[PDB]
Amino acid sequence: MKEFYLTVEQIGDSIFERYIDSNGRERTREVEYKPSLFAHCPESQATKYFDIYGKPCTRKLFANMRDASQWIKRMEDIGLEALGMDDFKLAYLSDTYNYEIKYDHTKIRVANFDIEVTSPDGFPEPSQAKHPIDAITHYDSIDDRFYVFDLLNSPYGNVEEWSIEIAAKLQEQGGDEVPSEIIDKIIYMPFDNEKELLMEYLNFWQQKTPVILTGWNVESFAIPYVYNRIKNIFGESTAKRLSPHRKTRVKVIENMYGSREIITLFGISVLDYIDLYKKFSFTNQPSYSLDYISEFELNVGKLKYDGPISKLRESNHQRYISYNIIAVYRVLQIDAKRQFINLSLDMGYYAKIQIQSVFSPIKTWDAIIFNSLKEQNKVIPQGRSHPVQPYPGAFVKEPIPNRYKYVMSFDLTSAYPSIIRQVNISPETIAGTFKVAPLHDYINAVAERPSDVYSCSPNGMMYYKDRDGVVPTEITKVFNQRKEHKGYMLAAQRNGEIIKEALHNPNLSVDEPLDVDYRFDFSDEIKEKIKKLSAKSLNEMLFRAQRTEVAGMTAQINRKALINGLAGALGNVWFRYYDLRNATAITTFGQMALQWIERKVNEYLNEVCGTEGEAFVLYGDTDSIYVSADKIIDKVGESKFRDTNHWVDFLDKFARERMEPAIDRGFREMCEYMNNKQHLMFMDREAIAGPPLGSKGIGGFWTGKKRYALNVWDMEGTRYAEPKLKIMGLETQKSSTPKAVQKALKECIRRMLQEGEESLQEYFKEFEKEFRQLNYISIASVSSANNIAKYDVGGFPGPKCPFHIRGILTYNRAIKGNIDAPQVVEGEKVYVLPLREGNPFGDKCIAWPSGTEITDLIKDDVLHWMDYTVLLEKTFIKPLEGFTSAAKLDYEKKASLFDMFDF
DNA sequence: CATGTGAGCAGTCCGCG
DNA sequence: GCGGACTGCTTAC
Ligand SMILES: [Ca+2]
Ligand SMILES: [Ca+2]
Ligand SMILES: [Ca+2]
Ligand SMILES: [Ca+2]
Ligand SMILES: [Ca+2]
Ligand SMILES: [Ca+2]
């Protein structure tokens, strides 16, 4: 097989690499890497090395990496550019793997672990590690086994061995319900003392050394705790055995009272699943406990236990160990669905970087561009220092706040990357500048044509048309990958709706789910078979289609983020190719594009409808337009339509057959105007929206910029079995909004858009009558707890103290000297509840760690002093007032002359 | 060590016979 | 109480 790296590190003048050899065996080696960098030399000196602007360079080969670094300093002092890849391990990988890496994940040791630590005096701080580690579960991907290390004797209690028989039993039968599919994969190892446990753990570690290390919060808890605990018991050099090169660095975050730390294990790639999830999932959650996220992703119940976690081991060691095991499995279950490890490995090896550098789009693109240029013997520019400078972005149209009955939306496919490719924006394709007219003059086609030779953006930049740029070249590769996966995602989504439609009439049979590939639209013959399947088989198929769609979502959305990241990186001062000329060339062109196409669409629709000067485009944001379709529907007349799907079909066809071509003509004309390299502005229809035919639903409304809701029947070619709400910016979409208020507000919207005013009014009345019966957690607001210390003045709020921070301080005083009430962690999320006047907490609100029940000693008082009136007003009524005034609708029946009668 | 800008809302402070 | 000014948080692109 072809060889590939696992990890790489620079340690002094040595590169330390772990890799897989030609026989599929894991190997390690230390290489005294001799790097090269480059300097500009005279034209009269012949050479095969040129910088990206075609200037000749000479290669300086160094005896070691220190010499290379030292030379960079001297060049800095002299005043001359030192070119080439200055991160030497990227150069090493590039030299060592001079081909497209094709890796085999079954050879890559992926470890998932978590530890338990009983602590009777508050949270067990990793920096101090003053308590025994009393459980570790460590799953190994190569063995496919859960290695369980169990401490039976501790100064906090001696317990009996864990029972696998009992673990496997249902909870309703006193067991722990450890999933049957992992029971046979558990290797249980009990220990009579911690020193033996830890030593065996370390020996195990040496035999099965993680390449990818993950788990939930392993970076800020598990890893530093294990490191510091081992350090305290055996000494630091023993702790260093967790690194295969015996090297670690300790990062100490001292904030202000007290301190925590991150540990870097050289030769391991740590990908904390919490960080993967945040970066790659595109959710914002009110809590990031594993219980919350597991329920969210997997619909599995919370791991239930009686009493505090500090007492769980002594009172119920059996459950304690089972839950340690299950927690580890849950991360594997989430990854099976989301496939973030796979994504990370894909992106890592594609770029030729340390796998953990997938968290940095700058490192990732720097590597991709370096490798690309190196293949043509080109030499990369030196990184430079730049002051941070704000610069202009997108254009957003101010919408008239209103209800909007029929709406069709369109937006550009991969807008910024497509602009890069169309214009040919790269560091080395800059041809010069031209004198800019006001943007409005370009939008209206009255400015002088910028150039009849070069490819232009209305920011004033010109680019070569007749040569490729590395930025366009490399961004197109990732875009094309993105597009493939998105095709699979949408097919799977369309396939899902076919199955949902068939679930309306399930057959009374015993059959199996069809063996099909969900990434491709079902053939007619598969669709016929589906119409004969049972409910059980159809639901299994619907599950598989949805898992296929999720996998496609992961792959497409993060490749999308990566290419958009390149456009953004051009405006980050730490990016080697930082250049506001290129960053603003993209954004300014975007602004022109949106406003140009708005004009063209208004022109076209006035023409086909026989009118003049009516505004069909009601909103737009960056690269999208929202077209009121009312006059289109009225042109034919609503009476002509047989059902909702008939008008949806009609608008879909109108968009595809009449609008999109007119849009394409408009953008081709714009491409000619700007003399661009290639026409890539593809503005495809997104949503078709309206009320159900014959209903009093209003279809949609806007309250303002970035705030709207649409009743959608077809989305990018997916015709829904049941209409779906597209809501942007409104409180339903905000993680700060209480969970039950999100629900209620969404149902208020659903009723507005699908049913009308009377339906709304009925629901609003019920919700107000029952609000006070909702669970306190379901109606608590959420906020991130940043800069808590700044406003902490003897446990009381300093000046400008934010509401949520004030609540935290209130909580701190109420739990003061409580030996095990959860502490609010800086930067994490909290629930927030307002408090009525005269409460015993002595302030207007309280805040506690999100995803948790508030500690029992103050829970009773919080429940008693909760200000429901304020809570209802702020979180529910005030937003709904915004929705309904915007829609010209009332959520309570207005008083009128009719109130004189008895109806 | 390091993707970007645009924009609304909820909060505090401050003014207000 | 209720605006305007300022800013933090969260989010749509
Ligand atoms: Ca635990
Ligand atoms: Ca788009
Ligand atoms: Ca059927
Ligand atoms: Ca868009
Ligand atoms: Ca699209
Ligand atoms: Ca109490």
Side-chain angles (χ1 to χ4, degrees), chain A residues 87 249 251 262 264 279 282-286 356-366 383 385-386 388-399 401 409 411-412 414-417 475 558 560-580 582-584 586-588 590-591 594 619-625 686 702-708 726-737 781-787 790-791 797-807 827 829-830 832 834 844-845 870 873-875 878-879 881-882 886:
Chain A
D87 185 346
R249 174 181 297 107
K251 188 65 65 262
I262 287 170
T264 298
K279 178 159 175 64
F282 293 86
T283 65
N284 187 26
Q285 302 284 8
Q356 63 266 39
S357 296
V358 295
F359 292 115
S360 174
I362 283 173
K363 183 60 57 172
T364 301
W365 281 114
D366 196 44
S385 178
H386 312 275
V388 177
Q389 162 72 248
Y391 66 93
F395 174 77
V396 187
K397 187 181 169 70
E398 188 78 61
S409 64
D411 72 286
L412 289 175
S414 198
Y416 281 14
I475 214 179
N558 290 291
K560 156 175 179 176
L562 183 63
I563 54 181
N564 290 349
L566 181 52
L570 289 164
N572 180 289
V573 303
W574 301 107
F575 188 47
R576 189 186 307 276
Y577 310 96
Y578 170 77
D579 192 341
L580 266 26
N582 286 343
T584 60
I586 299 164
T587 64
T588 313
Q591 286 209 14
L594 171 49
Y619 181 65
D621 178 347
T622 306
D623 69 330
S624 58
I625 54 166
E686 179 212 18
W702 266 255
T703 71
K705 293 176 177 186
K706 299 182 182 272
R707 281 181 70 87
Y708 62 90
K726 188 192 174 193
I727 311 170
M728 286 322 299
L730 307 192
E731 283 65 21
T732 53
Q733 313 310 105
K734 294 164 96 168
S735 69
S736 52
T737 299
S781 296
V782 179
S783 189
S784 294
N786 302 315
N787 307 311
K790 199 204 300 201
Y791 307 90
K800 301 174 194 152
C801 181
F803 189 83
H804 63 284
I805 304 303
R806 172 182 305 271
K829 295 203 160 163
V830 294
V832 186
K844 67 184 173 160
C845 59
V870 161
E873 245 298 337
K874 267 160 32 171
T875 62
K878 197 167 180 172
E881 162 60 33

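Here is how names work: the chains are called A, B, and so on, in the same order as the sequence lines, proteins then strands, and each is numbered from 1.
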Could you measure between the two P atoms, the one in B/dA10 and the one in C/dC2, and give it in whole Å? 15 Å
Check the distance between B/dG4's P and A/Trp574's CH2 and give it to me in whole angstrom. 12 Å
I want to verify a distance call: between C/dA12, C/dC9, C/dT10, whose nearest atom is closest to the A/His804 side chain? C/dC9
Taking atom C1' in both C/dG1 and B/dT12, what distance in whole Å separates the two? 15 Å
Looking at A/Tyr416, does the NZ or CZ of A/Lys560 lie under 6.0 angstrom from its six-membered ring centre and within 45 degrees of the ring axis? no
Under 4.0 Å, counting only non-hydrogen atoms across every strand here, what does A/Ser735 touch: a base, just sugar-phosphate, or nothing? sugar-phosphate
Between B/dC1 atom P and A/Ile362 atom CD1, what is the distance in whole Å? 10 Å
Rounded to the nearest Å, what distance is computed from the CG atom of residue A/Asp623 to the P atom of nucleotide B/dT5? 18 Å
OP1 or OP2 of B/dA2 less than 4.0 angstrom from a side-chain nitrogen or oxygen of A/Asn572, does that happen here? no
In Å, rounded to the nearest 0.5 Å, how long is the span from OG of A/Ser360 to CG of A/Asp366? 9.0 Å
Quick one: is B/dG4 close enough that its OP1 or OP2 comes under 4.0 Å of any side-chain N or O from A/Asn564? no
Could you tell me the separation between the CZ atom of A/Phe575 and the P atom of B/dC1, rounded to a whole number of Å? 13 Å
d(CG, A/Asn284; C1', C/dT10) in whole Å: 7 Å
Assert yes or no for the condition that the ring centre distance of A/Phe575 to A/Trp365 is strictly below 6.0 Å. no
Nearest-Å distance for atom pair CG/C1', residues A/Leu580 and B/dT3: 13 Å
My parser flags sugar pucker from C1'-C2'-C3'-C4'; what should it report for B/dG11, north or south? north
Quick one: do the A/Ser624 and A/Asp411 side chains pair a donor with an acceptor below 3.5 Å? no
Interatomic distance, A/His386 NE2 vs B/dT3 P [rounded to whole Å]: 15 Å
Taking 4.0 angstrom as the limit, do A/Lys705 and A/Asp621 come out as a salt bridge? no
Within the 4.0 Å heavy-atom criterion, would you say A/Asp411 contacts the bases, only the backbone, or no part of the nucleic acid? nothing
Can you build the contact string for nucleotides 6-13 of chain B? Use B for base contact, S for sugar-phosphate-only contact, and - for no protein heavy atom under 4.0 Å. BSSS-SSS
The salt bridge (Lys or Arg N to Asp or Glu O under 4.0 Å) partners of A/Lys844 (sequence neighbours excluded) come to none
Could you tell me how far apart A/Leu566 (CG) and B/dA2 (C1') are, to the nearest whole angstrom? 15 Å
Separation between SG (A/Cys801) and CG (A/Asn787), nearest 0.5 Å, reads 11.0 Å
Quote, to the nearest angstrom, the P distance that separates C/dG3 from B/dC9. 15 Å
